[PDB]
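Residue numbers (this note's numbering), protein chains in the order written: chain G, 365 to 531; chain L, 195 to 321; chain C, 32 to 137; chain A, 80 to 254; chain H, 4 to 200; chain U, 103 to 163.
Ideal placement from N, C-alpha and C gives every residue a C-beta, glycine not left out.
Some notes on the structure that comes next.
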Amino acid sequence: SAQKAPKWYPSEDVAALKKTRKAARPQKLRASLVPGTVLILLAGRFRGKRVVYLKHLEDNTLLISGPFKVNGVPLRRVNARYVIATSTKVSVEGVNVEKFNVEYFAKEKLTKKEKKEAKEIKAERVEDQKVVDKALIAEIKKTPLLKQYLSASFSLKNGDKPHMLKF
Amino acid sequence: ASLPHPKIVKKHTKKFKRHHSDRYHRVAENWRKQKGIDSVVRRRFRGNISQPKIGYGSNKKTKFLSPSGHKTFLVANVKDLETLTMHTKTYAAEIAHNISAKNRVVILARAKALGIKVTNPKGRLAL
Amino acid sequence: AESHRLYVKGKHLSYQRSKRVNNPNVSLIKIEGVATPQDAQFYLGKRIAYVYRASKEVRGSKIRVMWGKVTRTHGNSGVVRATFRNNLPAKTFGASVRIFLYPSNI
Amino acid sequence: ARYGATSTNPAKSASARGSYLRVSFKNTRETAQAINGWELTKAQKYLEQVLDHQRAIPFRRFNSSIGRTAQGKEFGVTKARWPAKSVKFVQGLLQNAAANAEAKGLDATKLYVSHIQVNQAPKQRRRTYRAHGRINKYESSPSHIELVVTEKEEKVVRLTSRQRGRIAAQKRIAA
Amino acid sequence: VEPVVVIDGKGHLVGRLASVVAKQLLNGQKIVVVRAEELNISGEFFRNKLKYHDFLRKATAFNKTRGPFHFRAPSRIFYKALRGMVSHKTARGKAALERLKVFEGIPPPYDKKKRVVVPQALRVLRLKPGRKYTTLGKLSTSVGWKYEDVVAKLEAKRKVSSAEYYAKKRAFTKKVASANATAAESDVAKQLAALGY
Amino acid sequence: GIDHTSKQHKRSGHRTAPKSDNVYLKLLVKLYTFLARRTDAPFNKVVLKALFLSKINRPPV
RNA sequence: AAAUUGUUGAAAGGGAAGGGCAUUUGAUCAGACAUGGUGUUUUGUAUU
RNA sequence: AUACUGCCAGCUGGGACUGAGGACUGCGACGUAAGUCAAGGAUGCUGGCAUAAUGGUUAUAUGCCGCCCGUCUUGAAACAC
RNA sequence: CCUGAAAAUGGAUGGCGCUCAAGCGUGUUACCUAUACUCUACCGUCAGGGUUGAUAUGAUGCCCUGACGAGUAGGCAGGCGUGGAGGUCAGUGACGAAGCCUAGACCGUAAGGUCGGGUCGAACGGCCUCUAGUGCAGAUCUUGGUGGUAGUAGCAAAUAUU
RNA sequence: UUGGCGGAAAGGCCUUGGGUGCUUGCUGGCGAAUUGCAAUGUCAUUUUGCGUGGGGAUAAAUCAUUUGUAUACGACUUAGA
């Protein structure tokens, strides 16, 4: 015998997980976040893009759409921490966002077999984007220069300090 | 794979090389506590090597575990490997260095048929 | 614009040290235009990335990043301590770190 | 015959070996290191100039307390010598290597000394006699000169989802 | 914010400027010092002359060549003062001094670029009035500097060149401010005024 | 750093198990360690301690 | 076998070299899970 | 009134580090109750990668530290051996 | 504060320097950081305990709670390794044992153990015990060998060779 | 491109005129999306090494021989088509 023996064999069984007293209470947002405000995206594809905050999803994310006809940011969800809220807001009593939810953003049911080793916007997404943007653009035209403001990107110039900046 | 275990940390990874083992070739690499009256290692000065302590002892729940999470068990023949058939999840078989190449193939064939994980499947293969 | 800086820069001054002992685990970051610790309280928790040009492509890119975050203020001069996933190489004393504005508090 | 660390092929190489050669090992190593990596013809002419003092073997490692010379300025060092015994042992081996190369059927024009190596052979004891009747070793340093001559000669792109989306983004945006 | 900042030396103190400079070098900012011969030292002129002669007294006894190089140029006496405020013996310190360039007068290309002062180290702001101050140019002159006059006869050339620059620059500032004043009192200008600009 | 009033990591000074290897003796101790732990009668506790004793500590009666 | 030496290759070097804490850079190395797996009509019913 | 000092079983916001245990007991709160719970230790969701990416070894560089070991000794790097 | 106040290598508030100080006196706060204190995790020791009516590998085991942990001379305990002995694994092995090398991997806090790769050729291991000529860096240690010094000192009395 | 000025390390600055791209000074119209909730998400600046296609030029030094203003050896100083 190369190795004599283990006398005390550990039991193969898995011990049951202790009961967890950690419920999922609903997430509060920062008081500066009001549906209809103009956020400033900070992370990801659309950094520096002004957007419009529409609905707080149950995914603890934010459903934003800076009007696609203006800045090109689609109906997409972002994280409430990677966005800077601003004092400016736009009226949103004319846009319907009830149908928006998590599985409307369900990307693709990926399995370990449907993996592409080497390396088409849904018509439903575009039409549902249009009926939203019609309400955003229609409201946004009352305030002057905000369409230009929303179109342009945001950047930290030289010599201005974000710790003492008010957005 | 292996049964659930806490994230294994060694709490010290650099080997405790003997003092001056680099300086003098005669001084072997294996650790020997320096027991001199003037030894800086013994006196535990700042900026010198760390001597082994009992504090460095690994977690008792994760002792003698390979990173894969299996305890190394060194098997040589078929019957000793038959001992682990009901303990695939916790033990991994290592064929001894003196097992012939023609004798490893029956062990490897038997181990894969019993689900036993072998950590040296490529040992002494002929190709 | 000509400036795409969504972050604010900082200098990796030094390791957290005593007179004759340093701790490479904790780095000190000096922010531009920041003087008082109360003002630097806006930068607590912000993510810090140290960006350096590597030798060869590592992930389809010649660049590499070491991530971190401001953990606490340090002194009265606005220097803030930063903890990094992997500590700074100690060659970047006085180098430039990028300090983004997320996780945004405002 | 288990030669040194060679980076060539036995097909396009020829070799010569010399063992227990009663020559100054330190002088031989410098001679070998001098011609190391040269084509045979020019190296052979090099050594002829060394006997006739037209050129000097540069002593680069074993060079302490030896006098300076003007002929070392060719090799960039101020210390060079003309070791007659070491050279004649080397060119004797170069001629052996050239004959071996011809026997194996190798091109004469492209033949160069790819690998040359000197090793300390067992040293023959003798007996000097010092002041106050003390005996000390007075021993040689033979060389195991070996050399081989050879003819001359003349990944997966992984990307992230963000990266792969980016590599597709810049293609489609600038057409 | 500048990639490199050019510090004027007129009205500064050797010590107080050096410490500010030495900290900013290690922090990474690149600094070039100009007009080092206009530096000041707190203490009457003759007192510093003794303080330098006591320093020049320190020579490696057995081989004076390899001893402390007692530089006399105002750039290098300031350079010496800044060394020791930085751990120049290590790689980090050596890289710091590499980012440092101290000059006499204002050699190009730094002549045509914005000079900067350190308010924190100025002779006016930091010395109680009536205290005797020592000009570094006069100190270097005595202790062995042989170019005090030539840099002077050339600074006169540069100063009149810069004076003619400000003549045409002040003319443009009159022009642009007059345009701004004329373009002021306008509906746009008033709306910026109440705006904050 | 604590002011150690008493010695630290000092052993109780009493036998915890029979130093003897006698397998049958360890059976008796095994039984009485059960009895002493599972009965509040001091008899089992005292007899258990007396079983640990050495040869000179157990003089013939 | 080591001392010691040669060659090749790699690396570094401003009055030492060597070591510790930490990381960069370079070189090199094991692990995943891709589990018999919530089954799925066997081409005269053991590939899910 | 306010300052100062003090108190709150007052609220609230931000930041850092940690997730040890592995069925149940227990103390307790809110609930008429059913039950839930921030109540005897972390869960839920999402994403990327699935390999040198993280990590290890080693070499080098940098920041700081590091005197040459044995012994005699009150005292060793010792110009003590 | 000044004179009193003079020592011999060059030189010392640690250095740079510092003059409403970066000096002296004093006070306020803010701030920095020890292997100190607090909290958590882990290691170990100790202590006090829980754990056997068909129920757990059948207890030097497992577990819980708590406190601590510096250390020379020295003491004790648990262990690792070496030569050999009894038993056992119906152990390994010429398809390759031992050995040796390995900035190759893993385990152990460590003594060390294991595996992979290369050379290699004939025996050798694990565990329970027994036994000892059993563990080396030192002893101006012994023997053997090899270095830097170093292609150096030197190979210059006896007139002298071509 | 007219010229100039700049010698402290000038290697930079200023101007005339013209062409050229853009122009957010104002109003429009079309595209952005799948990087799937972040992963700096790469844009700079030195040095070369292979080649594209033009420009431009067409040697010295050392050894060896020799001289001695030099000289331990180097070195120095000479001469030699």
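Provide the residue span of the alpha helix (DSSP H) that contains residue i, from first to last.
i: residue 34/H; result: Unbroken run through residue 34/H is the beta strand (DSSP E), 33-37; no alpha helix (DSSP H).
i: residue 110/A; result: 104-114
i: residue 147/A; result: Looking at the DSSP string, residue 147/A is not in any alpha helix (DSSP H), and its letter there is neither H nor E.
i: residue 442/G; result: Note, residue 442/G: premise wrong, no alpha helix (DSSP H); beta strand (DSSP E) at 440-443.
i: residue 94/A; result: Unbroken run through residue 94/A is the beta strand (DSSP E), 92-100; no alpha helix (DSSP H).
For residue i, which option in the options has the closest C-alpha, if you only look at C-alpha atoms?
i: residue 43/H; options: 60/H, 17/H, 28/H; result: 17/H
i: residue 68/C; options: 124/C, 102/C, 137/C; result: 102/C
i: residue 119/A; options: 93/A, 197/A, 147/A; result: 93/A
i: residue 169/A; options: 219/A, 201/A, 226/A; result: 226/A
i: residue 77/H; options: 188/H, 102/H, 13/H; result: 13/H
i: residue 223/A; options: 196/A, 157/A, 89/A; result: 196/A
i: residue 395/G; options: 448/G, 411/G, 427/G; result: 448/G
i: residue 496/G; options: 460/G, 516/G, 483/G, 508/G; result: 460/G
i: residue 483/G; options: 240/A, 210/A, 177/A; result: 240/A
i: residue 515/G; options: 369/G, 385/G, 437/G, 423/G; result: 437/G
i: residue 115/U; options: 161/U, 104/U, 155/U; result: 155/U
i: residue 112/C; options: 42/C, 84/C, 33/C, 35/C; result: 42/C
i: residue 84/A; options: 250/A, 193/A, 234/A, 249/A; result: 193/A
i: residue 114/H; options: 83/H, 54/H, 189/H, 159/H; result: 159/H
i: residue 137/C; options: 405/G, 367/G, 473/G, 435/G; result: 405/G
i: residue 376/G; options: 282/L, 306/L, 321/L; result: 282/L
What residue range does the beta strand (DSSP E) around residue i cover?
i: residue 133/U; result: Here residue 133/U belongs to no beta strand (DSSP E); instead the alpha helix (DSSP H) covers 125-140.
i: residue 137/H; result: 136-138
i: residue 508/G; result: No beta strand (DSSP E) holds residue 508/G; DSSP gives it neither H nor E.
i: residue 56/C; result: 53-62
i: residue 103/H; result: 103-105
i: residue 114/C; result: 110-115
i: residue 242/A; result: Where residue 242/A is concerned, there is no enclosing beta strand (DSSP E), although the alpha helix (DSSP H) it sits in stretches over 240-252.
i: residue 3/H; result: Lying outside 4 to 200, the shown extent of chain H, residue 3/H is not represented and no answer is given.
i: residue 48/C; result: 39-48
I need the straight-line Cα distance from residue i to residue j, nearest angstrom please.
i: residue 110/A; j: residue 319/L; result: 47 Å
i: residue 492/G; j: residue 312/L; result: 56 Å
i: residue 270/L; j: residue 298/L; result: 9 Å
i: residue 121/C; j: residue 94/H; result: 11 Å
i: residue 70/H; j: residue 86/H; result: 16 Å
i: residue 91/C; j: residue 237/A; result: 6 Å
i: residue 119/C; j: residue 60/C; result: 11 Å
i: residue 103/H; j: residue 48/H; result: 27 Å
i: residue 127/C; j: residue 126/A; result: 59 Å
i: residue 64/C; j: residue 121/H; result: 16 Å
i: residue 145/U; j: residue 152/U; result: 11 Å
i: residue 138/H; j: residue 132/H; result: 16 Å
Given 8 Å as the limit, tell me if residue i has its C-beta closer than that to any heavy atom belonging to the ligand NAD.
i: residue 193/H; result: Although the ligand NAD was asked about, the structure shown includes no ligands whatsoever.
Problem set entry | Entirely enclosed alpha helix (DSSP H) segments - the stretch 380-437 of chain G, minimum 4 residues | none
For this session: Return the residues of the stretch 475-507 of chain G that lie within a Cβ-Cβ distance of less than 7 Å from chain A, sorted by chain order.
Result: 483
Exercise. Enumerated in chain order, which unbroken segments of the beta strand (DSSP E) with a length of 3 residues or greater are wholly contained in the stretch 226-296 of chain L?
Worked result: With a minimum length of 3 residues, the continuous beta strand (DSSP E) runs that stay inside the stretch 226-296 of chain L are 265-269, 285-289.
Exercise. Closer than 7 Å, Cβ to any Cβ of chain G: which residues of the stretch 232-247 of chain A, in chain order?
Worked result: Within the stretch 232-247 of chain A, the qualifying residues are 243.
Exercise. What residues in the stretch 83-101 of chain H bring their beta carbon closer than 7 Å to a beta carbon of chain C?
Worked result: Within the stretch 83-101 of chain H, the residues whose Cβ lies closer than 7 Å to some Cβ of chain C are 95, listed in chain order.
For this session: Below 9 Å between beta carbons is the criterion; list the residues of the stretch 255-270 of chain L that meet it against any residue of chain G, in chain order.
Result: Taken in chain order, the members of the stretch 255-270 of chain L whose beta-carbon sits within less than 9 Å of a beta-carbon on chain G are 265, 266, 267, 268, 269, 270.
Exercise. Going along the chain, which unbroken runs of the alpha helix (DSSP H) with 4 or more residues stay wholly within the stretch 81-152 of chain H?
Worked result: 94-101, 126-129, 139-146
Problem set entry | Runs of alpha helix (DSSP H) wholly within the stretch 466-522 of chain G (minimum 4 residues, chain order) | Scanning the stretch 466-522 of chain G for uninterrupted alpha helix (DSSP H) segments of 4 residues or longer gives 487-504, 510-515, listed from N- to C-terminal end.
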